[PDB]
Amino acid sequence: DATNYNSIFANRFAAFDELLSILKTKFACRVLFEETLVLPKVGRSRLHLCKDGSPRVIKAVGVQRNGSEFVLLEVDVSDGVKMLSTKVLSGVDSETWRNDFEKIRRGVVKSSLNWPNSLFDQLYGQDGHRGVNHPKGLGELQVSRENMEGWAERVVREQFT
């Protein structure tokens, strides 16, 4: 399914969407697009589904800040499976994003719900993507406004490499 299911799966991305709000208000970010897509079936394993039988999804967000663009990727782990980092993609070609994103979604499922980093390297270079760790205890016990802003800082910061 290539349909954008943003609003219907928004409950699963409560924290992540609060992060988007903070980037907009305190870190001069503009959101270019938000899309929430179903993960594809690959073989007979069932990681593309949640524990409850519903589709497991992935959210992509295009962001502009300080004259540069990046794309955030966030994998739905609402059923309590091991949380993935938030991917920050840079130098993303939007003219091929539709097809590339499709490869990425398949790579996530194929990698047993992990980022397909060899694919990311091929697509954007080793320096074209990085992971950002979620705030501690995200999913169990609410996260403070302080740590939410910290999360935002970690997303937009500059890397050594």
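One rule holds for the numbers: they count along the sequence shown, beginning at 1.
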Per the PDB entry, mean CA B-factor is higher for 41-49 or 58-66, namely for 41-49
Averaging the C-alpha B factors as listed in the entry, name the stretch that ends up higher: 88-96 or 126-134. 126-134
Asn11: CA temperature factor from the record, placed by chain third, in the lowest
Give the position of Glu102 by CA B-factor within its chain, expressed as the lowest, middle or highest third. middle
According to the PDB entry, is the CA B factor of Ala152 in the bottom, middle or top third of its chain, that is, lowest, middle or highest? middle
Where does the C-alpha B-factor of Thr36 rank in its chain, lowest, middle or highest third? lowest
Lowest, middle or highest third: where is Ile22 by C-alpha B factor in its chain? middle
